[PDB]
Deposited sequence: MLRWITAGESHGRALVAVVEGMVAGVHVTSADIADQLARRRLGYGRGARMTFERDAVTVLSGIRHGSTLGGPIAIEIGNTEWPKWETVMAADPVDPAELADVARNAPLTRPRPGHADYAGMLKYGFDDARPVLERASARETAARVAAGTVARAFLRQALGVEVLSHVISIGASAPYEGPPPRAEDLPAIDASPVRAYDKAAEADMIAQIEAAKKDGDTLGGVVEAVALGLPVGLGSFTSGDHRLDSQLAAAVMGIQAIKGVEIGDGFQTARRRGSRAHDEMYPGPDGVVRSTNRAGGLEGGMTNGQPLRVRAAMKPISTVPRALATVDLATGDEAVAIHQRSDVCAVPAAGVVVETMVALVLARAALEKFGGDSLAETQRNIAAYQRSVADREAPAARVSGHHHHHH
């Protein structure tokens, strides 16, 4: 499994391409739209290729997401050349030479030899995550139909709220979570987070937060211990840290595990009727690079990403003079993290179970499951 996104924030459209998905997975334009809608939660889809009659074909799946604001940008972001005199009269084509702290602006301009930040922010912008969730929808359809696996998210903290550290939600809690204005699972934590936002809004300030993706129903043995790169945690870490504004990733109890003693840090195993059973999940469902059957828990730390008006000092690269950054989402981050987790899980599953069609993959899964049971 591979995935690619393309598109500028104010270009004509975004494109998501996924290659390597088995034929026979049921996914539709509506499913993609539903997931794009979930991305819009918190306080135009065209399938071009790879799917026929709601079922994947096995070839590359290309998904286009149109930008509604395109008529406003079709000259400033035109693909082809445009008379530079006609363009000099266009206010919105003014160059951006004041990099926002915390953004790709400054490093991107220097890296690519740009003197206008526009090409950098157009591509760096988190609007790109919409293309990711289009791709992620294919992965999650596969995960559900092949493995009975569900993926979801909930917000652990926003701003200075007290982190919810109770049990993670199951799939049936998703409607309640999605109806929450902060996509919180816990009512007390919800109230605390809403309060933090209210105070930040009034102060005209911005907040980041912590988000936890949960994947349920995974078989034992996805990922591997054979090298650093094959470890599922390594894979998960790359996929979620690569999301815009993410500054930290944890598996399970993460950094808090590093503060516990070995006697209380791990998940002990006990005899059960249908295999080994654990009573805690501090590992977050990954041990030694592989899924252990427990719920997968991955946490992502998002920094405040909205630029706070007239608060951040910067430099005008055109002049060398002082300036202030001019401005241009935790629950939605949760949704994007779901997507990223889904993509990697799906890739890991195809790696272990192979197959070119869903039925074949399903056969291999069943047979692996039977063999584990016959142990």
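- In sequence order, the gaps in C-alpha coverage of the deposited chain fall at 1, 45-55, 341-345, 393-407.
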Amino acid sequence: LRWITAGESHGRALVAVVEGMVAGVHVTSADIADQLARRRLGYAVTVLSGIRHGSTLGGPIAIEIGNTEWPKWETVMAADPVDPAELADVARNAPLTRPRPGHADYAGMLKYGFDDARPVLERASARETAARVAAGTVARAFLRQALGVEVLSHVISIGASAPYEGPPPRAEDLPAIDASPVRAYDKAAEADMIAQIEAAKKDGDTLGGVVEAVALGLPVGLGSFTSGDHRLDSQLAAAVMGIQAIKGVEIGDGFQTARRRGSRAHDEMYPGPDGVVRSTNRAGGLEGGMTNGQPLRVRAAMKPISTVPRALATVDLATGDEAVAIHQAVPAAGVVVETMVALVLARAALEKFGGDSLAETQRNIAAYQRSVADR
From here on, numbers count along this sequence of modelled residues.
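If you superpose the two forms and keep the largest set of C-alpha atoms that fall within 1.5 Å, you have the rigid core.
- Superposing each structure in 4 other deposited structures of this protein on the rigid core shows that the farther-lying of 272-280 and 172-180, by root-mean-square Cα distance, is 172-180.
- Stretch 163-171 is the one, of 150-158 and 163-171, whose CA positions lie farther from the shown form in 4 other deposited structures of this protein once all structures are superposed by the rigid core.
- When 123-131 is weighed against 193-201, 193-201 comes out higher, by mean CA B-factor as recorded in the entry.
- When the mean C-alpha temperature factors of 284-292 and 87-95 are read from the deposited coordinates, 87-95 comes out higher.
- The entry assigns its greatest Cα B factor, within the set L36, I65, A313, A348, to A313.
- Per the PDB entry, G275 shows the highest C-alpha temperature factor of the residues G262, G148, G254, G275.
- Among the modelled residues of the chain, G242 sits in the lowest third by CA temperature factor in this PDB entry.
- Ranked against the other modelled residues of its chain, the C-alpha B-factor of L343 as given in the entry falls in the lowest third.
- Ranked by Cα temperature factor within the chain, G334 sits in the lowest third according to the deposited record.
- Among all modelled residues in this chain, the alpha-carbon of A6 has a temperature factor (C-alpha) in the lowest third.
- Ranked against the other modelled residues of its chain, the C-alpha B-factor of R170 as given in the entry falls in the highest third.
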